[PDB]
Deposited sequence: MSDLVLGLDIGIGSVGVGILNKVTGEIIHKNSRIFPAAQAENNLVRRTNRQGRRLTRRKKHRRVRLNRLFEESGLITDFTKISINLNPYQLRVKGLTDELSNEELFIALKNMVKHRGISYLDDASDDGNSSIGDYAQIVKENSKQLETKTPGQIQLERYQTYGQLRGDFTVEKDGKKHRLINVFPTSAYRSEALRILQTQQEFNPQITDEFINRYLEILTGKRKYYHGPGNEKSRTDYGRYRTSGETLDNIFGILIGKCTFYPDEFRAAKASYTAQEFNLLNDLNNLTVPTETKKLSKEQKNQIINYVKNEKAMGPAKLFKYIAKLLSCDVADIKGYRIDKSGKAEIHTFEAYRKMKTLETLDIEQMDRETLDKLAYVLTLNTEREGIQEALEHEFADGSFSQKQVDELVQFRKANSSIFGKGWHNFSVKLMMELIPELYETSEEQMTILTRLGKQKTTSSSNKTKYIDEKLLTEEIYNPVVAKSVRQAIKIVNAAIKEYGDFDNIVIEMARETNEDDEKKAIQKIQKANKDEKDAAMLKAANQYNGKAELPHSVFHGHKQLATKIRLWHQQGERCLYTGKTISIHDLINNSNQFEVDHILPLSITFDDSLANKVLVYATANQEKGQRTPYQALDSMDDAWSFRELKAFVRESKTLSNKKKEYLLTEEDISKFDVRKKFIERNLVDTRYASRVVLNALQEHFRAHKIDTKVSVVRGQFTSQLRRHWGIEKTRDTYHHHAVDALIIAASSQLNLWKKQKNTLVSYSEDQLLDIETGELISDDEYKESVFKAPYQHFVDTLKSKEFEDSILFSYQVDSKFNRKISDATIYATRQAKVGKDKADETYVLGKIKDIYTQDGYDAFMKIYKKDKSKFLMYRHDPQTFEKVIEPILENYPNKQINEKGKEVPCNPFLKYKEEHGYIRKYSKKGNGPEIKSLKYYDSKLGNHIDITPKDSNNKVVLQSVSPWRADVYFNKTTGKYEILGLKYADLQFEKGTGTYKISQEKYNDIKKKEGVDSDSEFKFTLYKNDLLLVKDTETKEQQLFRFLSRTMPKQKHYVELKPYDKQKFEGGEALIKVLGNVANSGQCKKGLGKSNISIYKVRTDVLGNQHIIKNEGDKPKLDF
């Protein structure tokens, strides 16, 4: 006789338990978890399919080097000159002879920039930039842009003799193939070592592209993101395993909407729902099926005229038809069958029934030439389709995009073949036939069925946490009599199906929150006592630990540093730079005055070119940069005559340098860093010599994939380096590790006082053994709240950062289960876990 009550929220779940007779409070707690925001898999998917572009670009360059090396043209690749002009070499080698090194630079600059290929306001600009390709290659266009305007790449506006307009470096990849073919034909006329297999291999390197239904991989690479699966199979179309299953047979794929069986079912079910003054017989049904099959032009109007003349009364007497948006008569015909009868090379009249279902599976899935030309080989019988037939159905499916791009039926052919003999004779719908035919963890409740039917990502996490709470409660306190809860109907049906198939009756129910707000208005930690109210209608905390190791280690932005003396330095220190982009923009001028007022010498321009800083000091004084821009043009540099370059940006000494990763190149002169490095966990050590604790701190960036096997670990020598830095002696002993949201008990040893916090991180990496603590009961730790006598006060901002290398404290680790029953440990193992 116990009652379970749950409060299912966004980021927390409350749970309470009653006894239903005396009404005593047995248990009450709250599970706290992060809310599953959908912005994180977007960043992971964006960077996953954004590293593949860089990888395949580099592999194009590698394949080009192997092509030049194998055909004997170039032996070593060390002395190729970086400082030539590739565009002049392309336009020159159209009609001259390039001596095996200019050809390399030309073809490499070609494969580094190929073009768009989807054309077989942005499209208006590619329309403007494509009319000059009727007589010129793109190399000629970019060369005239280079020697007329000076600037080639990017997107940039300019004023010609007529009018100001826009230039963009996007050309279609047909013109690059034409230009490369002309270049290689001329060089074949000069150099007799360019074979036709050389130019064919280069042209397959240039314009090669995978298709959207192929995905990554190779025959022997075997990734599980495209076809060529890790199980040894090979798909034809990686969307062909995403097709949903049948409603009443959960092992059969669905049927294509333009098959024979689906249209037969749709017409046989469309006019059994039609009442004529009292349903149509089997003979007239077979007649109307043969009349809509053997007819060149059918419609929804001629069907109503034909049934009106077949039952001889009139047209307007009939009711039961499906109306439209604008009120009409809509009814299924054999639209894809009448349309597929317009094929002169292949005859479908004496063709089979299942063959008309695989032809609609292939024409519904595959949309391109190579897809349909490849999916007619494996599935169908060997032969059975000549090449002219294949090309005619390819241009048939390309001509009918609205008919074949409809989708997939909600049943299967295996089920729809069990109803078509039935709804001939007995005039009924599909639901009454399926009703009169009846198609339709061992102790605990498994989560795979119930998360399957949740699709909002915030709700499914709360549902799984509530399921885990229910599983722990019925493991601890026997069984209940009521399970009351708080997307909603499906957990009701799931718990009802679970308890119904287990021959034990418990009342599982939902209740509305308006009733509970009414109860709180009438009757007179926030989740706990409200869940007790839910269980009354008929504390302890349990946080979720974050212990995932491969996360974002740092930014991807590359920063530049300089060694300077800014302000009150005694010696040269390293400084992270910044940059004001687009000085003419209003935010650029506000940021320029922001840098300029507090320190004039923070700019790099003021220290190295001071003369031209006496040409920027007048437009800020007597004129601000956008007015000078529209008056005389851009704010050019200082020279004797006006040919100095323009000014669009200004870089300055931003800040001092803190946590970083040093990724300076080989031949560099200044230090080049990555910033914003985040912590992961902390290990706690203790030594009996002094009698105080020591605390390490690891980051996400400290681990790596190791060098022989690829496993993700940190070695022991690097671990000893981190131990030497953080002040941990070598004869200390290891207590435990703390991840995020772990409960940490601090106890004083002189006056026996106890508190417990949540671990957050290991801040301030200049002092030693400093740790940031989050509160146990609440979620903000706001104010100047006091603490126990040895730690001190919470700071003014609301951030508790305490140095736990004290003289009297003692530190324990708390492991709470889902219900919150705390187990206090003091020694985890002999050795901290480093291999994953």
Deposited-sequence ranges lacking CA coordinates, in order, are 1-2, 123-133, 291-293, 457-463, 510-689, 728-735, 750-807, 893-908
